[PDB]
>>> print(open('model-v2.cif').read())   # mmCIF, N, CA, C and O atoms
data_run
#
loop_
_atom_site.label_atom_id
_atom_site.label_comp_id
_atom_site.auth_asym_id
_atom_site.auth_seq_id
_atom_site.Cartn_x
_atom_site.Cartn_y
_atom_site.Cartn_z
N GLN A 599 -19.81 29.36 17.31
CA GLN A 599 -18.82 28.73 16.43
C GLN A 599 -19.53 27.74 15.50
O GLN A 599 -20.40 26.99 15.93
N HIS A 600 -19.16 27.78 14.22
CA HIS A 600 -19.65 26.85 13.20
C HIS A 600 -18.48 26.40 12.32
O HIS A 600 -17.50 27.11 12.18
N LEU A 601 -18.61 25.21 11.73
CA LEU A 601 -17.61 24.70 10.80
C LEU A 601 -17.76 25.42 9.46
O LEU A 601 -18.88 25.82 9.10
N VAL A 602 -16.66 25.55 8.72
CA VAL A 602 -16.69 26.13 7.36
C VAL A 602 -17.71 25.36 6.51
O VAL A 602 -18.42 25.96 5.70
N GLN A 603 -17.81 24.04 6.72
CA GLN A 603 -18.64 23.17 5.87
C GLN A 603 -20.14 23.34 6.18
O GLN A 603 -20.97 22.75 5.47
N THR A 604 -20.50 24.12 7.21
CA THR A 604 -21.90 24.35 7.57
C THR A 604 -22.28 25.83 7.39
O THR A 604 -23.37 26.22 7.76
N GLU A 605 -21.39 26.62 6.78
CA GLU A 605 -21.59 28.07 6.72
C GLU A 605 -22.38 28.47 5.46
O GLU A 605 -22.70 29.64 5.32
N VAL A 606 -22.64 27.52 4.53
CA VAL A 606 -23.27 27.85 3.25
C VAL A 606 -24.55 27.04 3.09
O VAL A 606 -24.54 25.93 2.58
N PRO A 607 -25.72 27.60 3.49
CA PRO A 607 -27.00 26.90 3.34
C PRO A 607 -27.63 27.06 1.94
O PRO A 607 -27.33 28.04 1.25
N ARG A 608 -28.49 26.11 1.56
CA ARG A 608 -29.27 26.17 0.32
C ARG A 608 -30.04 27.50 0.25
O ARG A 608 -30.19 28.10 -0.82
N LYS A 609 -30.54 27.95 1.41
CA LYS A 609 -31.34 29.16 1.55
C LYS A 609 -30.61 30.38 0.99
O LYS A 609 -31.25 31.31 0.53
N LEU A 610 -29.27 30.40 1.03
CA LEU A 610 -28.49 31.54 0.53
C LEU A 610 -28.73 31.70 -0.98
O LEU A 610 -28.92 32.82 -1.46
N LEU A 611 -28.71 30.59 -1.73
CA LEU A 611 -28.98 30.62 -3.17
C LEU A 611 -30.44 31.03 -3.40
O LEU A 611 -30.72 31.78 -4.34
N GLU A 612 -31.35 30.57 -2.54
CA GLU A 612 -32.77 30.93 -2.65
C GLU A 612 -32.94 32.45 -2.50
O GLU A 612 -33.72 33.06 -3.24
N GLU A 613 -32.19 33.05 -1.57
CA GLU A 613 -32.21 34.51 -1.34
C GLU A 613 -31.71 35.24 -2.59
O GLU A 613 -32.31 36.22 -3.00
N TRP A 614 -30.61 34.75 -3.18
CA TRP A 614 -30.06 35.34 -4.40
C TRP A 614 -31.07 35.25 -5.54
O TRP A 614 -31.20 36.19 -6.32
N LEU A 615 -31.76 34.10 -5.64
CA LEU A 615 -32.73 33.87 -6.73
C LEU A 615 -33.97 34.74 -6.52
O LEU A 615 -34.62 35.12 -7.49
N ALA A 616 -34.30 35.06 -5.26
CA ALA A 616 -35.39 36.00 -4.96
C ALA A 616 -35.01 37.42 -5.43
O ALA A 616 -35.84 38.13 -5.96
N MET A 617 -33.74 37.80 -5.24
CA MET A 617 -33.21 39.08 -5.74
C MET A 617 -33.31 39.10 -7.27
O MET A 617 -33.73 40.08 -7.87
N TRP A 618 -32.91 37.97 -7.87
CA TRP A 618 -32.93 37.75 -9.31
C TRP A 618 -34.35 37.85 -9.86
O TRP A 618 -34.61 38.63 -10.79
N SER A 619 -35.27 37.06 -9.30
CA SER A 619 -36.68 37.03 -9.69
C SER A 619 -37.28 38.44 -9.56
O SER A 619 -38.03 38.88 -10.42
N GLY A 620 -36.92 39.14 -8.48
CA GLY A 620 -37.33 40.52 -8.22
C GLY A 620 -36.92 41.46 -9.35
O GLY A 620 -37.75 42.23 -9.84
N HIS A 621 -35.65 41.40 -9.76
CA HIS A 621 -35.14 42.27 -10.81
C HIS A 621 -35.89 42.01 -12.13
O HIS A 621 -36.26 42.96 -12.82
N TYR A 622 -36.09 40.74 -12.47
CA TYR A 622 -36.66 40.35 -13.76
C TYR A 622 -38.19 40.27 -13.70
O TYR A 622 -38.82 39.85 -14.67
N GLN A 623 -38.77 40.66 -12.56
CA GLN A 623 -40.22 40.77 -12.36
C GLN A 623 -40.90 39.44 -12.71
O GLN A 623 -41.94 39.40 -13.37
N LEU A 624 -40.30 38.34 -12.23
CA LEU A 624 -40.87 37.00 -12.33
C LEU A 624 -41.60 36.68 -11.02
O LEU A 624 -41.16 37.09 -9.95
N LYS A 625 -42.70 35.92 -11.13
CA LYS A 625 -43.59 35.64 -10.00
C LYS A 625 -43.19 34.34 -9.28
O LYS A 625 -43.43 34.20 -8.08
N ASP A 626 -42.59 33.41 -10.03
CA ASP A 626 -42.40 32.04 -9.58
C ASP A 626 -41.34 32.02 -8.47
O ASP A 626 -40.20 32.41 -8.70
N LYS A 627 -41.73 31.58 -7.27
CA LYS A 627 -40.80 31.44 -6.15
C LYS A 627 -39.87 30.25 -6.41
O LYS A 627 -40.33 29.11 -6.47
N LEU A 628 -38.57 30.52 -6.56
CA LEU A 628 -37.59 29.49 -6.92
C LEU A 628 -37.01 28.84 -5.65
O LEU A 628 -36.53 29.53 -4.76
N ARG A 629 -37.07 27.51 -5.62
CA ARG A 629 -36.60 26.67 -4.54
C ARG A 629 -35.32 25.95 -5.00
O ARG A 629 -35.18 25.64 -6.19
N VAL A 630 -34.40 25.71 -4.07
CA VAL A 630 -33.14 25.03 -4.34
C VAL A 630 -33.18 23.64 -3.69
O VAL A 630 -33.52 23.51 -2.51
N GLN A 631 -32.79 22.64 -4.47
CA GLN A 631 -32.68 21.25 -4.05
C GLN A 631 -31.25 20.78 -4.32
O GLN A 631 -30.74 20.97 -5.42
N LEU A 632 -30.60 20.19 -3.32
CA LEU A 632 -29.28 19.55 -3.49
C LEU A 632 -29.31 18.17 -2.83
O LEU A 632 -29.36 18.08 -1.60
N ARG A 633 -29.31 17.12 -3.65
CA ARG A 633 -29.42 15.75 -3.20
C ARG A 633 -28.59 14.85 -4.10
O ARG A 633 -28.24 15.24 -5.22
N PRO A 634 -28.26 13.61 -3.66
CA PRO A 634 -27.68 12.61 -4.56
C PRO A 634 -28.55 12.49 -5.82
O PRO A 634 -29.78 12.53 -5.73
N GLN A 635 -27.90 12.36 -6.98
CA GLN A 635 -28.57 12.35 -8.27
C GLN A 635 -29.48 11.11 -8.36
O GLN A 635 -30.52 11.14 -9.02
N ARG A 636 -29.07 10.03 -7.70
CA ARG A 636 -29.92 8.87 -7.42
C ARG A 636 -29.49 8.27 -6.08
O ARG A 636 -28.44 8.62 -5.55
N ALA A 637 -30.31 7.35 -5.55
CA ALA A 637 -30.11 6.76 -4.23
C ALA A 637 -28.70 6.17 -4.11
O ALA A 637 -28.28 5.38 -4.95
N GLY A 638 -27.98 6.59 -3.07
CA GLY A 638 -26.70 6.01 -2.66
C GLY A 638 -25.52 6.47 -3.51
O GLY A 638 -24.43 5.92 -3.39
N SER A 639 -25.74 7.48 -4.37
CA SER A 639 -24.72 7.94 -5.32
C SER A 639 -23.89 9.07 -4.70
O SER A 639 -24.38 9.85 -3.89
N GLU A 640 -22.62 9.15 -5.11
CA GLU A 640 -21.71 10.24 -4.74
C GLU A 640 -21.87 11.41 -5.74
O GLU A 640 -21.37 12.50 -5.48
N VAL A 641 -22.54 11.15 -6.86
CA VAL A 641 -22.89 12.20 -7.81
C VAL A 641 -24.10 12.95 -7.25
O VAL A 641 -25.09 12.33 -6.86
N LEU A 642 -24.00 14.29 -7.23
CA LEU A 642 -25.04 15.16 -6.68
C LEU A 642 -25.78 15.86 -7.82
O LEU A 642 -25.24 16.01 -8.92
N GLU A 643 -27.02 16.30 -7.54
CA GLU A 643 -27.79 17.16 -8.43
C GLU A 643 -28.30 18.38 -7.65
O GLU A 643 -29.05 18.23 -6.67
N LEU A 644 -27.86 19.56 -8.09
CA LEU A 644 -28.44 20.85 -7.72
C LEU A 644 -29.59 21.11 -8.69
O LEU A 644 -29.36 21.20 -9.90
N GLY A 645 -30.81 21.18 -8.17
CA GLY A 645 -32.00 21.52 -8.97
C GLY A 645 -32.63 22.83 -8.51
O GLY A 645 -32.73 23.09 -7.31
N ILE A 646 -33.02 23.67 -9.48
CA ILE A 646 -33.86 24.84 -9.25
C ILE A 646 -35.29 24.47 -9.65
O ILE A 646 -35.53 24.09 -10.79
N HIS A 647 -36.22 24.57 -8.69
CA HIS A 647 -37.61 24.17 -8.88
C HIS A 647 -38.53 25.38 -8.69
O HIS A 647 -38.28 26.25 -7.85
N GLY A 648 -39.59 25.43 -9.50
CA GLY A 648 -40.64 26.43 -9.35
C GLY A 648 -41.69 25.99 -8.36
O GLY A 648 -41.55 24.94 -7.72
N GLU A 649 -42.77 26.77 -8.26
CA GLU A 649 -43.89 26.52 -7.35
C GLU A 649 -44.59 25.19 -7.71
O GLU A 649 -45.11 24.51 -6.83
N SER A 650 -44.58 24.83 -9.00
CA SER A 650 -45.16 23.59 -9.52
C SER A 650 -44.21 22.39 -9.34
O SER A 650 -44.57 21.27 -9.70
N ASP A 651 -43.00 22.64 -8.84
CA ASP A 651 -41.94 21.64 -8.59
C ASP A 651 -41.27 21.21 -9.90
O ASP A 651 -40.45 20.29 -9.89
N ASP A 652 -41.57 21.90 -11.01
CA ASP A 652 -40.89 21.65 -12.29
C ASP A 652 -39.42 22.05 -12.16
O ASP A 652 -39.11 23.05 -11.52
N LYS A 653 -38.54 21.27 -12.78
CA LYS A 653 -37.10 21.50 -12.76
C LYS A 653 -36.75 22.52 -13.85
O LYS A 653 -36.82 22.22 -15.04
N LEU A 654 -36.36 23.73 -13.42
CA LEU A 654 -36.14 24.86 -14.30
C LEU A 654 -34.66 25.01 -14.66
O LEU A 654 -34.32 25.63 -15.67
N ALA B 318 4.46 32.09 10.11
CA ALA B 318 3.04 31.79 9.98
C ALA B 318 2.28 32.33 11.20
O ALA B 318 1.21 32.92 11.05
N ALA B 319 2.83 32.12 12.40
CA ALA B 319 2.23 32.63 13.62
C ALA B 319 2.18 34.16 13.58
O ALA B 319 1.18 34.76 13.97
N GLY B 320 3.27 34.78 13.12
CA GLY B 320 3.35 36.23 12.98
C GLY B 320 2.27 36.79 12.07
O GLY B 320 1.63 37.80 12.38
N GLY B 321 2.05 36.11 10.94
CA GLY B 321 0.97 36.46 10.01
C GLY B 321 -0.38 36.52 10.70
O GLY B 321 -1.12 37.48 10.54
N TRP B 322 -0.67 35.50 11.51
CA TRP B 322 -1.93 35.42 12.24
C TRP B 322 -2.02 36.56 13.26
O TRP B 322 -3.05 37.23 13.36
N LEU B 323 -0.95 36.78 14.04
CA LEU B 323 -0.94 37.83 15.06
C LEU B 323 -1.13 39.21 14.41
O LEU B 323 -1.78 40.09 14.99
N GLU B 324 -0.52 39.42 13.24
CA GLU B 324 -0.65 40.67 12.49
C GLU B 324 -2.13 40.87 12.11
O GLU B 324 -2.74 41.86 12.51
N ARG B 325 -2.70 39.88 11.41
CA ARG B 325 -4.07 39.94 10.90
C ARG B 325 -5.06 40.20 12.03
O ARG B 325 -6.01 40.95 11.85
N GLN B 326 -4.85 39.56 13.19
CA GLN B 326 -5.82 39.60 14.29
C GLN B 326 -5.65 40.86 15.16
O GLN B 326 -6.41 41.06 16.08
N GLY B 327 -4.62 41.67 14.87
CA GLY B 327 -4.41 42.93 15.58
C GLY B 327 -3.59 42.77 16.85
O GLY B 327 -3.39 43.74 17.58
N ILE B 328 -3.09 41.55 17.13
CA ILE B 328 -2.36 41.29 18.38
C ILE B 328 -1.00 42.00 18.34
O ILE B 328 -0.56 42.56 19.34
N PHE B 329 -0.32 41.98 17.18
CA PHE B 329 0.95 42.68 17.04
C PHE B 329 0.75 44.18 17.26
O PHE B 329 1.65 44.84 17.78
N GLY B 330 -0.42 44.70 16.86
CA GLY B 330 -0.83 46.07 17.15
C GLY B 330 -0.88 46.34 18.64
O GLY B 330 -0.36 47.36 19.10
N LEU B 331 -1.49 45.42 19.40
CA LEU B 331 -1.59 45.52 20.85
C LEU B 331 -0.19 45.48 21.48
O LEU B 331 0.06 46.20 22.46
N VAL B 332 0.69 44.63 20.92
CA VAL B 332 2.05 44.49 21.44
C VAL B 332 2.78 45.83 21.26
O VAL B 332 3.39 46.32 22.20
N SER B 333 2.70 46.40 20.05
CA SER B 333 3.35 47.69 19.72
C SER B 333 2.89 48.78 20.69
O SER B 333 3.72 49.46 21.28
N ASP B 334 1.56 48.90 20.85
CA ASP B 334 0.94 49.86 21.75
C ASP B 334 1.48 49.67 23.17
O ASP B 334 1.82 50.67 23.83
N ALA B 335 1.53 48.41 23.61
CA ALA B 335 1.94 48.04 24.97
C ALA B 335 3.40 48.47 25.20
O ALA B 335 3.70 49.06 26.25
N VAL B 336 4.28 48.18 24.23
CA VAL B 336 5.70 48.47 24.39
C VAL B 336 5.89 49.99 24.41
O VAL B 336 6.65 50.50 25.25
N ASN B 337 5.19 50.70 23.51
CA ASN B 337 5.28 52.17 23.43
C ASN B 337 4.86 52.79 24.76
O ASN B 337 5.56 53.67 25.28
N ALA B 338 3.73 52.31 25.32
CA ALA B 338 3.21 52.82 26.58
C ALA B 338 4.19 52.54 27.72
O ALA B 338 4.41 53.41 28.57
N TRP B 339 4.76 51.33 27.72
CA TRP B 339 5.75 50.89 28.70
C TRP B 339 6.96 51.85 28.68
O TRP B 339 7.44 52.27 29.72
N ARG B 340 7.44 52.18 27.47
CA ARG B 340 8.60 53.05 27.28
C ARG B 340 8.27 54.47 27.75
O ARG B 340 9.06 55.08 28.49
N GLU B 341 7.10 54.97 27.33
CA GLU B 341 6.64 56.33 27.66
C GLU B 341 6.49 56.49 29.18
O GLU B 341 6.67 57.60 29.69
N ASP B 342 6.17 55.40 29.89
CA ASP B 342 5.90 55.44 31.33
C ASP B 342 7.17 55.11 32.13
O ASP B 342 7.11 54.98 33.36
N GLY B 343 8.32 54.99 31.45
CA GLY B 343 9.63 54.88 32.12
C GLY B 343 10.07 53.44 32.37
O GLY B 343 10.89 53.20 33.25
N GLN B 344 9.54 52.50 31.58
CA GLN B 344 9.99 51.08 31.57
C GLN B 344 9.92 50.48 32.98
O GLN B 344 10.88 49.88 33.46
N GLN B 345 8.76 50.63 33.62
CA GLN B 345 8.41 49.96 34.87
C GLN B 345 7.94 48.53 34.55
O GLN B 345 8.00 48.11 33.40
N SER B 346 7.51 47.79 35.58
CA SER B 346 7.22 46.36 35.43
C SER B 346 6.25 46.12 34.27
O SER B 346 5.22 46.81 34.17
N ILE B 347 6.57 45.14 33.42
CA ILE B 347 5.75 44.81 32.24
C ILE B 347 4.69 43.76 32.63
O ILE B 347 3.82 43.46 31.82
N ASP B 348 4.75 43.28 33.88
CA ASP B 348 3.86 42.22 34.39
C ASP B 348 2.42 42.45 33.93
O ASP B 348 1.82 41.61 33.26
N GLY B 349 1.85 43.60 34.32
CA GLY B 349 0.45 43.92 34.09
C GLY B 349 0.13 44.13 32.62
O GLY B 349 -0.90 43.66 32.13
N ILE B 350 1.01 44.86 31.92
CA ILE B 350 0.86 45.16 30.50
C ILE B 350 0.84 43.84 29.72
O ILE B 350 -0.04 43.62 28.87
N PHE B 351 1.81 42.96 30.01
CA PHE B 351 1.92 41.68 29.33
C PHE B 351 0.68 40.82 29.58
O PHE B 351 0.14 40.20 28.65
N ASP B 352 0.23 40.78 30.84
CA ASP B 352 -0.93 39.98 31.23
C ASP B 352 -2.15 40.38 30.39
O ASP B 352 -2.90 39.52 29.93
N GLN B 353 -2.33 41.69 30.19
CA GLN B 353 -3.49 42.22 29.47
C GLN B 353 -3.44 41.77 28.01
O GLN B 353 -4.46 41.33 27.45
N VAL B 354 -2.27 41.90 27.38
CA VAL B 354 -2.12 41.51 25.98
C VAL B 354 -2.31 39.99 25.85
O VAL B 354 -2.98 39.53 24.92
N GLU B 355 -1.73 39.22 26.78
CA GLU B 355 -1.86 37.77 26.74
C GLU B 355 -3.34 37.37 26.79
O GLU B 355 -3.76 36.46 26.08
N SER B 356 -4.12 38.04 27.65
CA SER B 356 -5.55 37.74 27.81
C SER B 356 -6.30 37.96 26.49
O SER B 356 -7.14 37.12 26.10
N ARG B 357 -5.98 39.06 25.81
CA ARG B 357 -6.60 39.39 24.53
C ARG B 357 -6.21 38.34 23.48
O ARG B 357 -7.05 37.91 22.68
N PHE B 358 -4.93 37.95 23.49
CA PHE B 358 -4.42 36.95 22.57
C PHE B 358 -5.18 35.62 22.74
O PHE B 358 -5.60 35.01 21.76
N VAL B 359 -5.33 35.17 23.99
CA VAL B 359 -5.95 33.88 24.28
C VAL B 359 -7.40 33.88 23.75
O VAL B 359 -7.83 32.91 23.10
N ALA B 360 -8.12 34.97 24.02
CA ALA B 360 -9.51 35.14 23.59
C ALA B 360 -9.60 35.08 22.05
O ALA B 360 -10.47 34.39 21.50
N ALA B 361 -8.70 35.80 21.38
CA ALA B 361 -8.69 35.89 19.93
C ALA B 361 -8.35 34.53 19.31
O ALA B 361 -8.91 34.18 18.27
N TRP B 362 -7.41 33.78 19.91
CA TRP B 362 -7.00 32.50 19.35
C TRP B 362 -8.15 31.50 19.46
O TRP B 362 -8.46 30.81 18.47
N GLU B 363 -8.74 31.41 20.66
CA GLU B 363 -9.86 30.52 20.95
C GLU B 363 -10.98 30.77 19.92
O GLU B 363 -11.52 29.84 19.33
N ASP B 364 -11.31 32.06 19.73
CA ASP B 364 -12.38 32.49 18.84
C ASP B 364 -12.11 32.02 17.40
O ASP B 364 -12.95 31.39 16.78
N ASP B 365 -10.92 32.32 16.89
CA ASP B 365 -10.61 32.08 15.49
C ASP B 365 -10.40 30.59 15.22
O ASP B 365 -10.77 30.10 14.12
N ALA B 366 -9.82 29.86 16.19
CA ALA B 366 -9.53 28.43 16.05
C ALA B 366 -10.83 27.62 15.95
O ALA B 366 -10.82 26.51 15.45
N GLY B 367 -11.93 28.17 16.48
CA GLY B 367 -13.21 27.47 16.55
C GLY B 367 -13.11 26.29 17.50
O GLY B 367 -13.41 25.15 17.12
N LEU B 368 -12.65 26.57 18.73
CA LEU B 368 -12.34 25.57 19.72
C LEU B 368 -13.64 24.96 20.25
O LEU B 368 -14.51 25.68 20.70
N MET B 369 -13.74 23.63 20.21
CA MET B 369 -14.91 22.92 20.71
C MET B 369 -14.52 21.44 20.90
O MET B 369 -13.44 21.03 20.48
N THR B 370 -15.39 20.67 21.55
CA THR B 370 -15.18 19.22 21.66
C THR B 370 -15.46 18.58 20.30
O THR B 370 -16.08 19.20 19.42
N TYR B 371 -14.97 17.35 20.12
CA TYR B 371 -15.22 16.62 18.88
C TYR B 371 -16.73 16.38 18.75
O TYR B 371 -17.29 16.47 17.65
N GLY B 372 -17.39 16.06 19.87
CA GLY B 372 -18.84 15.90 19.92
C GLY B 372 -19.58 17.12 19.41
O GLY B 372 -20.53 17.00 18.65
N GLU B 373 -19.14 18.31 19.82
CA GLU B 373 -19.73 19.58 19.39
C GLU B 373 -19.52 19.78 17.88
O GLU B 373 -20.40 20.26 17.17
#
>>> encode(input="model-v2.cif", output="structure tokens")
Amino acid sequence: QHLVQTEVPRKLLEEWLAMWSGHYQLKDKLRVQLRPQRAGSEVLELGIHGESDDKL
Amino acid sequence: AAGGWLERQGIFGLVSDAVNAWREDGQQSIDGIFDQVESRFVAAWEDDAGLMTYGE
């Protein structure tokens, strides 16, 4: 048993982006980041990062 | 609302089957038939409700 709020991991988007990267024959392994936009904030930032950690 | 849930989970299906079998067999004691359906219902409810302690 798991809660609805724990059923959607960041890794799921990473898997989709691997499918995406695969189709478009891109090499860069795309990582997903979801964190407060700054310390202690209720505003969040979803970032897609490459191997170099650049925000794409 | 309860009926909706029982329909979706197939329990009303089990009830229909049980009653039909009961009738076909000459309407003898429903004790055992009912017990079996109740057991399936309890298992299905527990499963779908996501029953756990608050700590869990």
>>> resolve_selection(input="model-v2.cif", expression="the PyMOL selection byres ((chain B) within 8 of (chain A))", output="short mmCIF file (atom, residue, chain, number, x, y, z; two decimals) with N, CA, C and O atoms, keeping the file's coordinate frame")
data_model
loop_
_atom_site.label_atom_id
_atom_site.label_comp_id
_atom_site.auth_asym_id
_atom_site.auth_seq_id
_atom_site.Cartn_x
_atom_site.Cartn_y
_atom_site.Cartn_z
N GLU B 363 -8.74 31.41 20.66
CA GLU B 363 -9.86 30.52 20.95
C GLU B 363 -10.98 30.77 19.92
O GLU B 363 -11.52 29.84 19.33
N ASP B 364 -11.31 32.06 19.73
CA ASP B 364 -12.38 32.49 18.84
C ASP B 364 -12.11 32.02 17.40
O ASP B 364 -12.95 31.39 16.78
N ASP B 365 -10.92 32.32 16.89
CA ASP B 365 -10.61 32.08 15.49
C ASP B 365 -10.40 30.59 15.22
O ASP B 365 -10.77 30.10 14.12
N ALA B 366 -9.82 29.86 16.19
CA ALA B 366 -9.53 28.43 16.05
C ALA B 366 -10.83 27.62 15.95
O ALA B 366 -10.82 26.51 15.45
N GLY B 367 -11.93 28.17 16.48
CA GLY B 367 -13.21 27.47 16.55
C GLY B 367 -13.11 26.29 17.50
O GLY B 367 -13.41 25.15 17.12
N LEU B 368 -12.65 26.57 18.73
CA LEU B 368 -12.34 25.57 19.72
C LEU B 368 -13.64 24.96 20.25
O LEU B 368 -14.51 25.68 20.70
N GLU B 373 -19.14 18.31 19.82
CA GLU B 373 -19.73 19.58 19.39
C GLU B 373 -19.52 19.78 17.88
O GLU B 373 -20.40 20.26 17.17
#
>>> resolve_selection(input="model-v2.cif", expression="the PyMOL selection byres ((chain A and resi 648) around 6)", output="list in words")
residues 626, 627, 628, 629, 646, 647, 649, 650, 651, 652, 653 and 654 of chain A
>>> select_by_dssp(input="model-v2.cif", residues="chain A", states="strand (DSSP E or B)", output="PyMOL selection string")
chain A and resi 629-634+642-647+653
>>> write_last_selection(input="model-v2.cif", atoms="N, CA, C and O atoms", output="CSV table (one decimal), in the coordinates of the input")
chain,number,residue,atom,x,y,z
A,629,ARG,N,-37.1,27.5,-5.6
A,629,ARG,CA,-36.6,26.7,-4.5
A,629,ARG,C,-35.3,26.0,-5.0
A,629,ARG,O,-35.2,25.6,-6.2
A,630,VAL,N,-34.4,25.7,-4.1
A,630,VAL,CA,-33.1,25.0,-4.3
A,630,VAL,C,-33.2,23.6,-3.7
A,630,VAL,O,-33.5,23.5,-2.5
A,631,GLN,N,-32.8,22.6,-4.5
A,631,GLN,CA,-32.7,21.2,-4.0
A,631,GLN,C,-31.2,20.8,-4.3
A,631,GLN,O,-30.7,21.0,-5.4
A,632,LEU,N,-30.6,20.2,-3.3
A,632,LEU,CA,-29.3,19.6,-3.5
A,632,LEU,C,-29.3,18.2,-2.8
A,632,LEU,O,-29.4,18.1,-1.6
A,633,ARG,N,-29.3,17.1,-3.6
A,633,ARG,CA,-29.4,15.8,-3.2
A,633,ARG,C,-28.6,14.8,-4.1
A,633,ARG,O,-28.2,15.2,-5.2
A,634,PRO,N,-28.3,13.6,-3.7
A,634,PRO,CA,-27.7,12.6,-4.6
A,634,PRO,C,-28.6,12.5,-5.8
A,634,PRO,O,-29.8,12.5,-5.7
A,642,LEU,N,-24.0,14.3,-7.2
A,642,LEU,CA,-25.0,15.2,-6.7
A,642,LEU,C,-25.8,15.9,-7.8
A,642,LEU,O,-25.2,16.0,-8.9
A,643,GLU,N,-27.0,16.3,-7.5
A,643,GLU,CA,-27.8,17.2,-8.4
A,643,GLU,C,-28.3,18.4,-7.6
A,643,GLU,O,-29.0,18.2,-6.7
A,644,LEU,N,-27.9,19.6,-8.1
A,644,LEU,CA,-28.4,20.8,-7.7
A,644,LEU,C,-29.6,21.1,-8.7
A,644,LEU,O,-29.4,21.2,-9.9
A,645,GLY,N,-30.8,21.2,-8.2
A,645,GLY,CA,-32.0,21.5,-9.0
A,645,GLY,C,-32.6,22.8,-8.5
A,645,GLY,O,-32.7,23.1,-7.3
A,646,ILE,N,-33.0,23.7,-9.5
A,646,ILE,CA,-33.9,24.8,-9.2
A,646,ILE,C,-35.3,24.5,-9.6
A,646,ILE,O,-35.5,24.1,-10.8
A,647,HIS,N,-36.2,24.6,-8.7
A,647,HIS,CA,-37.6,24.2,-8.9
A,647,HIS,C,-38.5,25.4,-8.7
A,647,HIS,O,-38.3,26.2,-7.8
A,653,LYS,N,-38.5,21.3,-12.8
A,653,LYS,CA,-37.1,21.5,-12.8
A,653,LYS,C,-36.8,22.5,-13.8
A,653,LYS,O,-36.8,22.2,-15.0
>>> atom_distance(input="model-v2.cif", atom1="CA of residue 619 (chain A)", atom2="CA of residue 605 (chain A)")
24.0 Å
>>> atom_distance(input="model-v2.cif", atom1="atom C of residue 632 (chain A)", atom2="atom C of residue 371 (chain B)")
25.0 Å
